[PDB]
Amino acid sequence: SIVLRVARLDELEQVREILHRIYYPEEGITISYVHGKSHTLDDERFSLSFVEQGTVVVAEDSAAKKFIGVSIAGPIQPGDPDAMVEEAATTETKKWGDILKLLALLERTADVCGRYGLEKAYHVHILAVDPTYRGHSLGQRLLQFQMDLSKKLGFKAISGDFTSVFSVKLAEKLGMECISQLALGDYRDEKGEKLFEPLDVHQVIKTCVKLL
């Protein structure tokens, strides 16, 4: 059977692998990028920085000693978008800087903390399930685990940027209201540049949120 739990720091490399295998190759934002679909090292560093914070949840096939799902979340709070823009100005790759600006825009537009009267919120950055492990409620169990965990940790709200139809469906199912959205192909940075071209046109990102 399948175990859900928080990833340990000593498991950073396994987290890295699952991200390489099932997340990046499919993530709408990363693969729709105009100058190359591959993820960069600074992207990876961002995602893995959460393992030490104890907010990376993995779904593990204990019988195969193998990760088969992962969810990465962290706190967000007023000020974060501006800090992200600053980080974008200094990061190693242009791709990660551009993505960081997009994420910042998503967060700024959603304004979860301001809309709900919070000092901070818990934000799911990544939710990824190996698609060959169907029929086990994996996506729902990962998201629910993140909800339960953030609750215990004292968070008053949880949110996420959901890039796929499934994932939005889960969010809605588990009581999250989509409060903001952004058509990916319509995105333009401050230069006026179109940076994302989802092979699936009319691909939309939805920021959803729920009080805990």
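In this text, residue numbers run from 1 along the sequence as written.
The PDB entry records a higher mean C-alpha B factor for 192-200 than for its counterpart among 8-16 and 192-200. 115-123 and 69-77 differ in mean CA B-factor, and the higher of the two is recorded for 115-123. Annotation for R45, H39, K169, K151: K169 ranks highest, by Cα B-factor.
Which of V165, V58, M147, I29 has the largest Cα B-factor in the deposited entry comes down to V165. Among the modelled residues of the chain, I179 sits in the middle third by CA temperature factor in this PDB entry.
When all modelled residues of the chain are sorted by CA temperature factor, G54 is found within the lowest third.
Compared with the other modelled residues of the chain, the Cα B-factor recorded for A157 ranks in the middle third.
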